[PDB]
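To keep things clear, I will list the structure first and then write my remarks on it.
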């Protein structure tokens, strides 16, 4: 089997991407944030504290003839950005782009933090990291991909995120029309539960490539590119007037600037992030200070190849017995 679904930016800055997901019988379609940095499929629901729901579409398990309470199971998750959610668990039928999993754990939120409430466009998350990170207790549950894997034509999914435009998540096949040149595959460590890999270096604009190992994670659920302070300083030094602002929370730059590109290495291959992808617009409405899309990972504890990086590539998440990651230009 295969599946193919369009993923759409939630706003004009590509702050996140949403993908429609069918849950239950008859189908209830919710727009979920596909997150290769976590491993829970959770949704706003009829059980979510009413004051914490503001415009989201909810899953109502009592209206699904295939929903079953997973007795005694609870979940609770906290994300890198400080947001969180928790609740109980149902199993139900879940379909993405024509690919159907029966008995998928659907984690129903009883509580969500303010950032989730305040984002009316995201109805929940669909985790695509390794199932070892799943938070369901006392019986850990499998991701949608893990459940689908054996049925797929090939044990892979691909992320093809757009810049200020829709893109695609495919399951079970590689669309050879969706990228240019070849896909370069690179080793993955699953030791931390992530799609963790090692970039071979970087360049800023038209500058020379610096060969240096950068361990980090391919994370579709993180907006920005978080890299070591040395790398980030080298990038922003090429933008007149750019500075790190403790008050704002990262590097900012004059909105009048033209940003240089940023290249990262994948083995001997190179992925080029155009300068415009690194512009996250005014820090507040009407400001001429703009927020940067490349930020320091110092004190995160891990480097994160988030959407800024991934949307410059066609990315293969290869879930073979020994997983790997593939990157192509597009």
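Residue numbers (the deposited numbering): 1 to 330. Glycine residues also receive a C-beta, built at the ideal position from the N, C-alpha and C atoms.
Cα-Cα, which of 197, 294 and 275 is closest to residue 316?
Taking only the C-alpha atoms, the option nearest residue 316 is 197.
Those residues which DSSP pairs with residue 197 across a bridge:
In the DSSP assignment, residue 197 forms a beta bridge with 216.
Among the residues of its own chain, which have a CB less than 6 Å from the CB of residue 223, if the five just before and after it don't count?
Excluding residues within five positions, the ones whose Cβ falls inside 6 Å are 15, 306 and 307.
Between the alpha carbons of residue 205 and residue 284, how many angstroms are there, rounded?
Answer to the nearest angstrom: the Cα atoms are 27 Å apart.
Per DSSP, residue 3 forms a beta bridge with which residues?
According to DSSP, which records beta bridges pairwise, residue 3 is partnered with 171.
Closest to residue 247 by C-alpha separation, out of 125, 291 and 116, would be which residue?
Checked all of 125, 291 and 116; the closest Cα to residue 247 is 291.
Residue ranges of each beta strand (DSSP E) run of no fewer than 3 residues wholly in the segment 8-48, ordered along the chain?
Correct list: 17-23, 28-35 and 41-43.
Inter-residue spacing [alpha-carbon to alpha-carbon] between residue 20 and residue 259:
If you draw a straight line from the Cα of residue 20 to the Cα of residue 259, it is about 33 Å long.
In three-state DSSP terms, what is residue 187?
For residue 187, the three-state secondary structure derived from DSSP is strand.
For residue 108, the first and last residue of its enclosing beta strand (DSSP E):
For residue 108, the uninterrupted beta strand (DSSP E) segment begins and ends at 99-112.
Nearest to residue 169 (by Cα), restricted to the options 96, 194 and 186
Restricting attention to 96, 194 and 186, the CA atom closest to the CA of residue 169 is found in 96.
For residue 130, which three-state DSSP category applies?
In the structure shown, residue 130 adopts coil according to DSSP, grouped into three states.
Candidates 12, 106 and 5: closest to residue 42 by CA position
When only C-alpha atoms are compared, the closest one is 106.
Can the beta-carbon of residue 101 be found closer than 9 Å to that of residue 70?
Their beta carbons are not under 9 Å apart, which means residue 101 does not touch residue 70 by this criterion.
Ranges of the beta strand (DSSP E) found wholly within the segment 223-282, counting only runs of at least 3:
Here the runs fully enclosed are 225-227, 243-245, 250-254, 262-266, 269-273 and 279-282.
6 Å CB neighbourhood of residue 55 in its chain, flanking five on each side removed:
Once the five neighbours on either side are set aside, the close Cβ partners of residue 55 are 120.
Within 10 Å of its beta-carbon, does residue 192 have 16 or more other beta-carbons around it, so buried, or fewer, so exposed?
Burial is judged here by how many other beta carbons sit within 10 angstroms of a residue's own beta carbon; residue 192 has fewer than 16 and is exposed.
Among 156, 153 and 127, which one has its Cα closest to the Cα of residue 143?
If we check each option's Cα against that of residue 143, 127 comes out closest.
Would you check if the distance between the CB atom of residue 125 and the CB atom of residue 1 is smaller than 9 Å?
No.
Residue 332 vs residue 81 beta-carbon contact at 9 Å
The question about residue 332 has no answer here: the residues shown for the chain are numbered 1 through 330.
May I have the straight-line CA-CA distance separating residue 225 from residue 67, to the nearest angstrom?
The straight-line gap from Cα to Cα measures roughly 38 Å.
Does residue 155 pass the burial test, meaning 16 or more other C-beta atoms within 10 Å, or should it be called exposed?
The C-beta of residue 155 has 16 or more other C-beta atoms within 10 Å across all chains shown, which makes the residue buried.
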